[PDB]
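Protein sequences appear in the order of chains A and A'. A prime marks a further copy of an entry chain.
Take the first sequence: its letters are residues 2 to 313, numbered as in the authors' numbering.
Take the second sequence: its letters are residues 2 to 313, numbered as in the authors' numbering.
There are 2 protein chains.
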Amino acid sequence: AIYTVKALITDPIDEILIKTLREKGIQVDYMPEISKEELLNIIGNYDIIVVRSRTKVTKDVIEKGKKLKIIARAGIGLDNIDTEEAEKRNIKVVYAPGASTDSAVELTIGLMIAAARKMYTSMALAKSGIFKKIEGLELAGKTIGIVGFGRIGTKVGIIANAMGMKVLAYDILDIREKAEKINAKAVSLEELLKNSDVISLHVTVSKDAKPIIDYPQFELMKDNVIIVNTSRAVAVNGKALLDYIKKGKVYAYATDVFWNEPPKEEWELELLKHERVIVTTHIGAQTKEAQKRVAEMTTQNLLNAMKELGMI
Amino acid sequence: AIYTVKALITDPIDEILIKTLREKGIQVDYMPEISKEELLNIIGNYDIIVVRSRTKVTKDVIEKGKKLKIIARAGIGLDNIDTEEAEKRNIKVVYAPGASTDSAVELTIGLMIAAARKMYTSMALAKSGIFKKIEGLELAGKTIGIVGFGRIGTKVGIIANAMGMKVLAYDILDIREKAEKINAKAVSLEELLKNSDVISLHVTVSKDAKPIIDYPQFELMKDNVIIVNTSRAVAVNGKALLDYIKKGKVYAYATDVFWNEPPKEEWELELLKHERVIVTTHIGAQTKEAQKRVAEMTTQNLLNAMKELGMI
Ligand SMILES: NC(=O)c1ccc[n+]([C@@H]2O[C@H](COP(=O)([O-])OP(=O)(O)OC[C@H]3O[C@@H](n4cnc5c(N)ncnc54)[C@H](O)[C@@H]3O)[C@@H](O)[C@H]2O)c1
Ligand SMILES: NC(=O)c1ccc[n+]([C@@H]2O[C@H](COP(=O)([O-])OP(=O)(O)OC[C@H]3O[C@@H](n4cnc5c(N)ncnc54)[C@H](O)[C@@H]3O)[C@@H](O)[C@H]2O)c1
């Protein structure tokens with residue numbers, strides 16, 4: 002008989018993906034609020050599982066999914082998927098890598114300027130009917146250090162250069178020529194830290210790895226440095242950060258990511274309430290355009306994987 | 002006998018200017034809080050007057066200043082000086098034109114991104130301990146229309162181009178080649194309005210002139226347009242703006258300038274409180290660097306004027 006391929010969608014997702022699968026005759030079971038327990042009870046009946054972030058595709062879930070051939074994550078990352086277990090089972094894992102680059106780049110520049118100019122303080126004052134001027138720092142002519150020169154880091158550098166800033170970049174990978182191409186200069190982390198007025202973090206690091214910006218790095222920094230982070234909170238030693246903010250060394254820390262969102266620990270709470278700390282609620286990929294690309298890319302990558310498997 | 006040249010400083014100003022004059026033997030009377038009335042009583046004894054913004058150098062003040070030879074405005078504009086009367090009296094007027102360009106450019110980019118991404122709303126939520134994501138708009142690939150292609154407008158265009166935006170520009174003056182040089186295209190205001198996703202105002206207009214962005218222009222605009230203004234409030238018809246924001250056509254209005262700061266009129270108040278309106282408290286030139294340049298430039302221009310007069 003003819004195989005009837007079955008897909009399970011466990012979280013609320015863009016209708017484009019569901020519509021695309023249904024149009025092609027694929028049996029799609031949309032259970033956006035399926036419980037942990039019920040998932041384990043039925044995962045064994047599916048060839049494809051589509052998840053966003055609420056659902057965790059752990060090792061035990063994959064083991065139970067004896068028919069799983071494709072795991073689709075409608076997102077820009079795979080932190081909720083056991084990629085190692087998936088590979089062992091030879092299960093294709095697809096998602097939307099790089100789908101939000103420009104949106105993250107733009108928020109980075111926005112945070113840098115908001116931090117440098119105390120825009121939040123000014124906007125709050127304005128809304129209250131108090132039009133009192135507030136003084137900040139100019140960026141042109143200053144040096145920015147891009148830590149993590151990938152998709153996002155490279156573009157932030159191109160923009161900062163256009164803003165008249167001198168761009169320095171550090172990456173564990175070879176970026177000598179890539180940096181030169183955008184009028185930037187690849188240097189050691191030490192040189193970047195000692196010479197940057199603004200430091201922007203755009204690295205990919207694991208959750209259990211030690212922070213890249215720790216005590217020694219903070220000590221190497223210039224006085225009144227502005228630090229921007231739209232990558233990962235763990236890349237920074239939060240306690241060291243609070244220490245250096247209280248010492249008056251760090252002019253401002255602008256971030257779209259927090260160790261805990263919302264904060265729960267005492268030191269995290271102290272950072273959040275500090276006037277030198279600027280925080281957005283992890284909206285780096287939150288634009289209509291980026292979210293549409295996430296859906297389209299996840300859908301297209303899923304279709305390609307299905308075609309390679311001979312399903313369509 | 003030898004002329005002893007006398008200078009009157011009527012407002013609190015950067016000590017660099019006062020120190021420079023004193024070092025050169027010039028008689029400097031620093032009266033940062035001198036009243037209107039007292040000013041008129043003694044202005045006739047001075048060759049030079051230095052003002053910032055509190056003091057108004059009106060026609061009657063100049064007439065009384067029978068010995069006035071130089072009027073110095075420690076600022077980026079001359080709205081508090083009767084330049085016409087000054088010219089008739091052949092009185093040299095100096096200040097710091099263009100001194101805050103990069104700071105204004107940076108705030109413009111910051112406002113554009115903050116408006117596009119509802120950064121204020123997100124930051125307010127974060128500070129309250131509510132880390133709820135908010136969706137905005139991406140800028141890359143979209144078209145920005147620079148109205149007023151001068152010092153600031155040109156640089157905003159260079160930066161927007163680096164952000165991957167298509168840049169269009171309109172100016173009453175010839176800018177065909179200037180625009181082309183930065184990968185932008187000079188067009189009519191009509192074409193700019195019909196094709197821009199973002200419109201940034203950087204024009205120099207008088208207080209009694211009709212707004213450049215009035216009803217016909219708002220009608221020509223694209224749906225969901227983002228309008229940024231760091232130039233002058235009067236360049237925009239505020240009532241028409243409120244009308245189009247309420248209609249849902251304008252996605253957001255981000256400005257560093259308001260018709261009245263703080264607002265006093267009912268319609269102004271309605272605009273200020275609207276969620277689609279983003280406002281900073283006229284901090285465009287408020288950076289340590291820009292303010293230092295204002296002082297240095299005003300001081301240097303004052304010295305040059307004095308030298309031409311044979312005073313030093
Ligand atoms: N706030 C948001 O909503 C949002 C949106 C998209 C991406 N991000 C994050 O932004 C970061 C960058 O994403 P990207 O697409 O540019 O990734 P990328 O893979 O293109 O680039 C990451 C770079 O950082 C480098 N790197 C890793 N460890 C490093 C270290 N210790 N020192 C210096 N460089 C190091 C890599 O070698 C690489 O060149 C990631 O952490 C990503 O998850 C956040
Ligand atoms: N928010 C702030 O603190 C702050 C700081 C600095 C300057 N500004 C303001 O920003 C504006 C621009 O300053 P700038 O130094 O770039 O001035 P500029 O003189 O260099 O440029 C102004 C340009 O706008 C043009 N223009 C005038 N009327 C126009 C019209 N109707 N249509 C199209 N173009 C027109 C001019 O011809 C000129 O090219 C001014 O209004 C200035 O006062 C505000």
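All C-beta atoms in this analysis are idealised placements derived from N, C-alpha and C, irrespective of residue type, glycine included.
Item: From A/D209, A/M222, A/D175, A/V204, residue whose alpha carbon lies closest to that of A/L193; Value: A/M222
Item: Where A'/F132 meets chain A, residues with beta-carbon distance less than 8 Å; Value: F259, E262, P263, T282, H283
Item: Of the residues A/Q292, A/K274, A/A185, the one placed nearest A/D103, counting alpha carbons only; Value: A/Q292
Item: Cβ contact check for the stretch 117 to 135 of chain A' and the stretch 255 to 265 of chain A: 3 or more pairs under 8 Å; Value: yes
Item: Residues near A'/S54 in its chain [Cβ-Cβ closer than 8 Å; skip 5 each side]; Value: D12, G76, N81
Item: Ranges of the beta strand (DSSP E) found wholly within the stretch 137 to 201 of chain A', counting only runs of at least 3; Value: 144 to 148, 167 to 171
Item: Local Cβ density within 10 Å of A/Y252, reported as buried at 16 or more and exposed below that; Value: buried
Item: Meets three-Cβ-pair contact criterion under 8 Å: the stretch 93 to 107 of chain A and the stretch 59 to 67 of chain A'; Value: no
Item: A'/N91 classed as buried or exposed, judged by whether at least 16 other C-beta atoms fall within 10 angstroms; Value: exposed
Item: Chain A contacts from the stretch 138 to 156 of chain A' (Cβ-Cβ distance under 7 Å); Value: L138, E139, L140, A141
Item: Collapsed DSSP secondary structure at A'/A2 in the structure displayed; Value: coil
Item: Within 7 Å of chain A' by C-beta, residues of the stretch 92 to 124 of chain A in sequence order; Value: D103, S104, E107, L108, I110, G111, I114, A115, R118, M120, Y121, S123, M124
Item: Contact belief for A'/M113 with A'/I227 at Cβ below 8 Å, rounded distance in angstroms; Value: 7 Å
Item: A'/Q301, DSSP secondary structure in three states; Value: helix
Item: Residues that A/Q287 contacts on chain A', provided the C-beta gap is smaller than 8 Å; Value: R118, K134, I135, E136, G137
Item: Contact set, ligand 1 heavy atom to C-beta under 5 Å; Value: A/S101, A/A105, A/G149, A/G151, A/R152, A/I153, A/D172, A/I173, A/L174, A/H203, A/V204, A/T205, A/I213, A/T231, A/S232, A/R233, A/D257, A/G285, A/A286
Item: Cα-Cα separation between A/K156 and A'/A117, rounded to whole angstroms; Value: 18 Å
Item: Residue(s) in a DSSP beta bridge with A'/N230; Value: A'/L202, A'/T256
Item: Minimum Cβ-Cβ distance from A'/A87 to chain A less than 7 Å; Value: no
Item: Run of the beta strand (DSSP E) containing A/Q287, from where it starts to where it stops; Value: Per DSSP, A/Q287 belongs to no beta strand (DSSP E) and is neither H nor E.
Item: Euclidean distance between Cα positions of A'/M166 and A'/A141; Value: 5 Å
Item: Contacts that A'/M164 makes with chain A (C-beta to C-beta distance below 9 Å); Value: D103, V106, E107, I110, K156, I159, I160, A163
Item: Interface residues of chain A facing A'/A291 [CB-CB closer than 8 Å]; Value: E139
Item: Supposed contact pair A/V206 and A/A236 - C-beta distance, whole angstroms, cut 8 Å; Value: 5 Å
Item: Cβ neighbours of A'/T144 in the same chain (closer than 7 Å, five flanking residues each side left out); Value: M166, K167, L169, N196, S197, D198
Item: A/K248 versus A/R23: straight-line alpha-carbon distance, rounded; Value: 59 Å
Item: Coil, strand or helix - A/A8 by DSSP; Value: strand
Item: Reference A'/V295; option with closest CA among A'/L202, A'/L79, A'/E191; Value: A'/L79
Item: Cutoff 7 Å: A'/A127 Cβ touching any chain A Cβ; Value: yes
Item: A/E271 versus A/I147: straight-line alpha-carbon distance, rounded; Value: 27 Å
Item: Selection from A'/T299, A'/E309, A'/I313 that minimises the alpha carbon distance to A'/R74; Value: A'/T299
Item: Alpha helix (DSSP H) segment containing A/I110, residue limits; Value: 102 to 118
Item: Coarse secondary structure for A/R23, derived from DSSP in three states; Value: helix
Item: DSSP three-state assignment for A'/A73, whether helix, strand or coil; Value: strand
Item: Cβ-based burial, A'/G158 [other Cβ within 10 Å; buried from 16]; Value: buried
Item: Candidates A/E276, A/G285, A/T84: closest to A/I110 by CA position; Value: A/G285
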